[PDB]
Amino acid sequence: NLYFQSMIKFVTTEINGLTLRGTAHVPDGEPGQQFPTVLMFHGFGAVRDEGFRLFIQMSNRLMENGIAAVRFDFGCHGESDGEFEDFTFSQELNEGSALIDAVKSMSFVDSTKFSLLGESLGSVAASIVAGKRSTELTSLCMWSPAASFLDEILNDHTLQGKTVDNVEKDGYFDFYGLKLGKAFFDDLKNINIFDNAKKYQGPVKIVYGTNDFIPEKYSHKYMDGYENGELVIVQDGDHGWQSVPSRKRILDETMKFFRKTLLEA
């Protein structure tokens, strides 16, 4: 009889002087109950909803099945503090690690049943944070990892197909009307995706859609380094799961994974 209904509430935390703003979906439960929890990392220049309600749908699916879902705007993204011109991926990694501690400190979170979910660059961040905080995560799920982003910018000299070679001349990179700064580009040399990601030995699921513009080889590279990886290739899935059939599939595959790793273990 002890019972409260599910709730969608807004949460904040402070990391390195920035207020990060987020949404928590807490399942139905009893007072004092703690829930297995999935912390979601959005992609580059994205927001915590992700594209076309993607993380919202995933959050509510988890909530309806007894798994709490938490998702923040990264620093310099969405409603969190920070100018895009100051964004660096190293800062995103620092924040992702700090968000594990912040979210585990929330009273409704079962710290022993805590996982990461990523989309696009958020999957890359999740893979690196998982390697550096390996004992903190029950499992790791990565959608459409944008693990080519260093190769693309540093070797192909483009960012989502647009040249990066005018940054010094113009003073910035124009990302859909946001000003991306020199600091982002100068920091890229510091990132090592796969050497760090392979340190995580827990259950990993990667979901890759055959229409993803990221080459499939990057998902296979992850798998080479994972002791307990599963790679699901979704026929006609795309990078953001932007068809009704592939959206249903990504929600199902992910709920299946977190049921197995968080609810049945």
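Residue numbers run from 1 along the displayed sequence.
For the two regions 87-95 and 164-172, the entry's Cα B-factors average higher over 164-172.
Averaged over Cα atoms, the B-factor as recorded in the entry is higher for 109-117 than for the other of 145-153 and 109-117. Across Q57, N228, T37, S219, the entry's maximum B-factor at the CA atom is seen for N228.
The deposited CA B-factor of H77 belongs to the lowest third of values across its chain. When the CA B factors of the chain's modelled residues are split into thirds, the value for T254 lands in the middle one.
Per the deposited record, the Cα B-factor of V26 falls in the highest third when ranked against the other modelled residues of its chain. Sort the chain's modelled residues by C-alpha temperature factor and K189 lands in the middle third, per the entry.
In the deposited entry, the Cα temperature factor of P203 places it in the highest third of its chain's modelled residues.
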